[PDB]
>>> print(open('input-v5.pdb').read())   # PDB, C-alpha atoms
MODEL        1
ATOM      1  CA  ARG A 253       0.000   0.000   0.000  1.00  0.00           C
ATOM      2  CA  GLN A 254       2.901   2.392   0.360  1.00  0.00           C
ATOM      3  CA  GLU A 255       3.668   1.718  -3.324  1.00  0.00           C
ATOM      4  CA  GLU A 256      -0.028   1.878  -4.342  1.00  0.00           C
ATOM      5  CA  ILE A 257      -0.677   5.319  -2.864  1.00  0.00           C
ATOM      6  CA  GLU A 258       2.620   6.505  -4.456  1.00  0.00           C
ATOM      7  CA  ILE A 259       0.796   6.041  -7.842  1.00  0.00           C
ATOM      8  CA  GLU A 260      -1.583   8.865  -6.771  1.00  0.00           C
ATOM      9  CA  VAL A 261       1.405  11.024  -5.721  1.00  0.00           C
ATOM     10  CA  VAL A 262       3.120  10.753  -9.138  1.00  0.00           C
ATOM     11  CA  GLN A 263      -0.251  11.448 -10.831  1.00  0.00           C
ATOM     12  CA  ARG A 264      -0.580  14.726  -8.820  1.00  0.00           C
ATOM     13  CA  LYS A 265       3.087  15.526  -9.500  1.00  0.00           C
ATOM     14  CA  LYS A 266       2.205  15.417 -13.241  1.00  0.00           C
ATOM     15  CA  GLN A 267      -1.272  17.067 -12.950  1.00  0.00           C
ATOM     16  CA  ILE A 268       0.599  20.183 -11.715  1.00  0.00           C
ATOM     17  CA  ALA A 269       2.487  20.336 -15.039  1.00  0.00           C
ATOM     18  CA  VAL A 270      -0.860  19.920 -16.910  1.00  0.00           C
ATOM     19  CA  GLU A 271      -2.513  22.858 -15.120  1.00  0.00           C
ATOM     20  CA  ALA A 272       0.628  24.982 -15.758  1.00  0.00           C
ATOM     21  CA  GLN A 273      -0.186  24.687 -19.480  1.00  0.00           C
ATOM     22  CA  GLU A 274      -3.881  25.268 -18.648  1.00  0.00           C
ATOM     23  CA  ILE A 275      -3.099  28.769 -17.289  1.00  0.00           C
ATOM     24  CA  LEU A 276      -1.217  29.626 -20.459  1.00  0.00           C
ATOM     25  CA  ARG A 277      -4.060  28.186 -22.587  1.00  0.00           C
ATOM     26  CA  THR A 278      -6.741  30.106 -20.646  1.00  0.00           C
ATOM     27  CA  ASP A 279      -4.692  33.314 -21.009  1.00  0.00           C
ATOM     28  CA  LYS A 280      -4.544  33.150 -24.860  1.00  0.00           C
ATOM     29  CA  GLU A 281      -8.199  32.027 -24.923  1.00  0.00           C
ATOM     30  CA  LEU A 282      -9.221  35.221 -23.042  1.00  0.00           C
ATOM     31  CA  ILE A 283      -7.263  37.365 -25.544  1.00  0.00           C
ATOM     32  CA  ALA A 284      -9.312  35.841 -28.419  1.00  0.00           C
ATOM     33  CA  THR A 285     -12.706  35.627 -26.599  1.00  0.00           C
ATOM     34  CA  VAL A 286     -12.621  38.805 -24.444  1.00  0.00           C
ATOM     35  CA  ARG A 287      -9.805  41.348 -24.991  1.00  0.00           C
ATOM     36  CA  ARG A 288      -9.877  41.463 -28.808  1.00  0.00           C
ATOM     37  CA  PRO A 289     -13.693  41.263 -29.246  1.00  0.00           C
ATOM     38  CA  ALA A 290     -14.167  44.082 -26.706  1.00  0.00           C
ATOM     39  CA  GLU A 291     -11.552  46.221 -28.565  1.00  0.00           C
ATOM     40  CA  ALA A 292     -13.512  45.668 -31.807  1.00  0.00           C
ATOM     41  CA  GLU A 293     -16.867  46.541 -30.136  1.00  0.00           C
ATOM     42  CA  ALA A 294     -15.324  49.769 -28.779  1.00  0.00           C
ATOM     43  CA  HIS A 295     -14.220  50.835 -32.296  1.00  0.00           C
ATOM     44  CA  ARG A 296     -17.825  50.557 -33.618  1.00  0.00           C
ATOM     45  CA  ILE A 297     -18.909  53.136 -31.042  1.00  0.00           C
ATOM     46  CA  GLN A 298     -16.133  55.606 -31.996  1.00  0.00           C
ATOM     47  CA  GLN A 299     -17.293  55.334 -35.650  1.00  0.00           C
ATOM     48  CA  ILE A 300     -21.117  55.399 -35.261  1.00  0.00           C
ATOM     49  CA  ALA A 301     -20.696  58.353 -32.867  1.00  0.00           C
ATOM     50  CA  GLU A 302     -19.276  60.411 -35.788  1.00  0.00           C
TER      51      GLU A 302
ATOM     52  CA  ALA B 212      -9.811 -51.834  51.080  1.00  0.00           C
ATOM     53  CA  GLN B 213     -12.220 -49.949  48.750  1.00  0.00           C
ATOM     54  CA  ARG B 214     -11.750 -46.664  50.681  1.00  0.00           C
ATOM     55  CA  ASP B 215      -7.962 -46.988  50.573  1.00  0.00           C
ATOM     56  CA  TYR B 216      -8.185 -47.120  46.753  1.00  0.00           C
ATOM     57  CA  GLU B 217     -10.987 -44.506  46.344  1.00  0.00           C
ATOM     58  CA  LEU B 218      -9.029 -41.752  48.130  1.00  0.00           C
ATOM     59  CA  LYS B 219      -5.869 -42.197  45.966  1.00  0.00           C
ATOM     60  CA  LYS B 220      -8.071 -42.187  42.819  1.00  0.00           C
ATOM     61  CA  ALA B 221      -9.692 -38.879  43.833  1.00  0.00           C
ATOM     62  CA  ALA B 222      -6.265 -37.443  44.843  1.00  0.00           C
ATOM     63  CA  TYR B 223      -4.725 -38.321  41.445  1.00  0.00           C
ATOM     64  CA  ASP B 224      -7.869 -37.130  39.647  1.00  0.00           C
ATOM     65  CA  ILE B 225      -7.301 -33.617  41.143  1.00  0.00           C
ATOM     66  CA  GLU B 226      -3.924 -33.392  39.388  1.00  0.00           C
ATOM     67  CA  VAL B 227      -5.116 -35.042  36.141  1.00  0.00           C
ATOM     68  CA  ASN B 228      -8.111 -32.695  35.930  1.00  0.00           C
ATOM     69  CA  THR B 229      -5.847 -29.715  36.813  1.00  0.00           C
ATOM     70  CA  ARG B 230      -3.267 -30.549  34.153  1.00  0.00           C
ATOM     71  CA  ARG B 231      -5.995 -31.300  31.592  1.00  0.00           C
ATOM     72  CA  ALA B 232      -7.658 -27.910  32.229  1.00  0.00           C
ATOM     73  CA  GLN B 233      -4.298 -26.196  31.679  1.00  0.00           C
ATOM     74  CA  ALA B 234      -3.596 -28.085  28.432  1.00  0.00           C
ATOM     75  CA  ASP B 235      -7.147 -27.514  27.174  1.00  0.00           C
ATOM     76  CA  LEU B 236      -6.966 -23.721  27.609  1.00  0.00           C
ATOM     77  CA  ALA B 237      -3.281 -23.418  26.571  1.00  0.00           C
ATOM     78  CA  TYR B 238      -4.240 -22.967  22.875  1.00  0.00           C
ATOM     79  CA  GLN B 239      -6.398 -19.806  23.105  1.00  0.00           C
ATOM     80  CA  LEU B 240      -3.765 -18.044  25.266  1.00  0.00           C
ATOM     81  CA  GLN B 241      -1.213 -18.298  22.473  1.00  0.00           C
ATOM     82  CA  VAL B 242      -3.870 -17.338  19.895  1.00  0.00           C
ATOM     83  CA  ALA B 243      -4.369 -14.115  21.902  1.00  0.00           C
ATOM     84  CA  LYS B 244      -0.575 -13.476  22.088  1.00  0.00           C
ATOM     85  CA  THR B 245      -0.171 -14.073  18.377  1.00  0.00           C
ATOM     86  CA  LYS B 246      -3.121 -11.791  17.458  1.00  0.00           C
ATOM     87  CA  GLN B 247      -1.551  -9.124  19.723  1.00  0.00           C
ATOM     88  CA  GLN B 248       1.448  -8.983  17.349  1.00  0.00           C
ATOM     89  CA  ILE B 249      -0.695  -9.184  14.196  1.00  0.00           C
ATOM     90  CA  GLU B 250      -3.122  -6.346  14.996  1.00  0.00           C
ATOM     91  CA  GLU B 251      -0.207  -3.979  15.621  1.00  0.00           C
ATOM     92  CA  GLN B 252       0.852  -4.432  11.994  1.00  0.00           C
ATOM     93  CA  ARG B 253      -2.705  -4.508  10.559  1.00  0.00           C
ATOM     94  CA  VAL B 254      -3.325  -0.942  11.765  1.00  0.00           C
ATOM     95  CA  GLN B 255       0.329   0.039  11.067  1.00  0.00           C
ATOM     96  CA  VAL B 256      -0.775  -0.047   7.379  1.00  0.00           C
ATOM     97  CA  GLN B 257      -3.208   2.797   8.225  1.00  0.00           C
ATOM     98  CA  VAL B 258      -0.313   4.983   9.384  1.00  0.00           C
ATOM     99  CA  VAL B 259       1.652   4.356   6.202  1.00  0.00           C
ATOM    100  CA  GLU B 260      -1.473   4.784   4.049  1.00  0.00           C
ATOM    101  CA  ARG B 261      -2.298   8.141   5.658  1.00  0.00           C
ATOM    102  CA  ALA B 262       1.328   9.300   5.338  1.00  0.00           C
ATOM    103  CA  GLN B 263       1.182   8.862   1.547  1.00  0.00           C
ATOM    104  CA  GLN B 264      -2.271  10.578   1.410  1.00  0.00           C
TER     105      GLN B 264
ENDMDL
END
>>> encode(input="input-v5.pdb", output="structure tokens")
Amino acid sequence: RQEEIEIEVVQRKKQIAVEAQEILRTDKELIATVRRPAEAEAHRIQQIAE
Amino acid sequence: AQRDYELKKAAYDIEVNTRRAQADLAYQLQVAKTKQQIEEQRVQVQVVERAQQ
């Protein structure tokens, strides 16, 4: 059982490296889904205001 | 003559019954002592299990 529970430990040890890529993925995803679309929506206003 | 024999019979029967009672119960005593050592290690697994958790 010491060796069996160690399987869970190495899984967590790797899951940490998975979530490290998840942050980076979520960051780029927010640039494409939030930051850039909002910047486009703001330009419409500056044009239709004229 | 009967009495002389009857008393020795009863006297020897005390010892035979005494020694038989000891031998009869001698097994379970060791079973308890052996389990005493076993249980220590059965729950020792819990300590090691928790330590990895």
>>> resolve_selection(input="input-v5.pdb", expression="the ChimeraX specification (/A :<9) & /B", output="VMD selection string")
chain B and resid 256 259 to 260 262 to 264
>>> atom_distance(input="input-v5.pdb", atom1="CA of residue 218 in chain B", atom2="CA of residue 230 in chain B")
18.8 Å
>>> atom_distance(input="input-v5.pdb", atom1="CA of residue 212 in chain B", atom2="CA of residue 226 in chain B")
22.6 Å
>>> axis_aligned_box(input="input-v5.pdb", around="range 261-267 of chain A", padding_each_side="6 Å", output="JSON")
{"center_x": 0.9, "center_y": 13.9, "center_z": -9.5, "size_x": 16.4, "size_y": 18.3, "size_z": 19.5}
>>> atom_distance(input="input-v5.pdb", atom1="CA of residue 223 in chain B", atom2="CA of residue 238 in chain B")
24.1 Å
>>> build_atoms(input="input-v5.pdb", residues="range 229-259 of chain B", atoms="N, CA and C atoms", output="short mmCIF file (atom, residue, chain, number, x, y, z; two decimals), in the coordinates of the input")
data_model
loop_
_atom_site.label_atom_id
_atom_site.label_comp_id
_atom_site.auth_asym_id
_atom_site.auth_seq_id
_atom_site.Cartn_x
_atom_site.Cartn_y
_atom_site.Cartn_z
N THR B 229 -6.57 -30.99 36.78
CA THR B 229 -5.85 -29.72 36.81
C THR B 229 -4.97 -29.54 35.59
N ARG B 230 -4.17 -30.56 35.30
CA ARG B 230 -3.27 -30.55 34.15
C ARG B 230 -4.03 -30.57 32.85
N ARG B 231 -5.16 -31.27 32.79
CA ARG B 231 -6.00 -31.30 31.59
C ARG B 231 -6.57 -29.91 31.33
N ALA B 232 -7.11 -29.25 32.36
CA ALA B 232 -7.66 -27.91 32.23
C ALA B 232 -6.62 -26.93 31.68
N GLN B 233 -5.38 -27.03 32.16
CA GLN B 233 -4.30 -26.20 31.68
C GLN B 233 -4.06 -26.45 30.19
N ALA B 234 -3.85 -27.72 29.82
CA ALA B 234 -3.60 -28.08 28.43
C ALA B 234 -4.71 -27.70 27.46
N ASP B 235 -5.94 -27.83 27.92
CA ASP B 235 -7.15 -27.51 27.17
C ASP B 235 -7.16 -26.02 26.83
N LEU B 236 -6.95 -25.16 27.83
CA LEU B 236 -6.97 -23.72 27.61
C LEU B 236 -5.66 -23.12 27.08
N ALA B 237 -4.58 -23.90 27.03
CA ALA B 237 -3.28 -23.42 26.57
C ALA B 237 -3.28 -22.90 25.12
N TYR B 238 -4.20 -23.39 24.28
CA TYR B 238 -4.24 -22.97 22.88
C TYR B 238 -4.69 -21.51 22.70
N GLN B 239 -5.85 -21.15 23.25
CA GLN B 239 -6.40 -19.81 23.10
C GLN B 239 -5.48 -18.72 23.66
N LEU B 240 -4.70 -19.01 24.70
CA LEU B 240 -3.76 -18.04 25.27
C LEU B 240 -2.74 -17.63 24.21
N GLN B 241 -2.15 -18.61 23.54
CA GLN B 241 -1.21 -18.30 22.47
C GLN B 241 -1.90 -17.61 21.30
N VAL B 242 -3.13 -18.00 20.97
CA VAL B 242 -3.87 -17.34 19.90
C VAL B 242 -4.01 -15.85 20.23
N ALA B 243 -4.29 -15.51 21.49
CA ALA B 243 -4.37 -14.12 21.90
C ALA B 243 -3.01 -13.43 21.72
N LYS B 244 -1.92 -14.04 22.22
CA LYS B 244 -0.57 -13.48 22.09
C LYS B 244 -0.16 -13.26 20.65
N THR B 245 -0.52 -14.18 19.78
CA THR B 245 -0.17 -14.07 18.38
C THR B 245 -0.96 -12.95 17.73
N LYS B 246 -2.28 -12.88 17.98
CA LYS B 246 -3.12 -11.79 17.46
C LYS B 246 -2.61 -10.44 17.93
N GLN B 247 -2.09 -10.36 19.15
CA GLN B 247 -1.55 -9.12 19.72
C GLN B 247 -0.45 -8.53 18.83
N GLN B 248 0.35 -9.39 18.22
CA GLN B 248 1.45 -8.98 17.35
C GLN B 248 0.90 -8.61 15.97
N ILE B 249 -0.08 -9.37 15.50
CA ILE B 249 -0.70 -9.18 14.20
C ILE B 249 -1.45 -7.86 14.10
N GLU B 250 -2.33 -7.57 15.05
CA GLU B 250 -3.12 -6.35 15.00
C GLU B 250 -2.24 -5.12 14.94
N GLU B 251 -1.12 -5.11 15.67
CA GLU B 251 -0.21 -3.98 15.62
C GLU B 251 0.16 -3.64 14.17
N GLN B 252 0.43 -4.66 13.36
CA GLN B 252 0.85 -4.43 11.99
C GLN B 252 -0.34 -4.17 11.08
N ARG B 253 -1.51 -4.75 11.37
CA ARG B 253 -2.70 -4.51 10.56
C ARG B 253 -3.02 -3.02 10.56
N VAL B 254 -3.09 -2.39 11.73
CA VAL B 254 -3.32 -0.94 11.76
C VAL B 254 -2.07 -0.14 11.43
N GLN B 255 -0.86 -0.71 11.47
CA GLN B 255 0.33 0.04 11.07
C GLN B 255 0.20 0.45 9.59
N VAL B 256 -0.50 -0.36 8.79
CA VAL B 256 -0.78 -0.05 7.38
C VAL B 256 -1.53 1.27 7.28
N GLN B 257 -2.45 1.54 8.20
CA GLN B 257 -3.21 2.80 8.22
C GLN B 257 -2.30 4.00 8.34
N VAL B 258 -1.28 3.90 9.19
CA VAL B 258 -0.31 4.98 9.38
C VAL B 258 0.43 5.25 8.09
N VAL B 259 0.91 4.19 7.45
CA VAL B 259 1.65 4.36 6.20
C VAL B 259 0.75 4.87 5.10
#
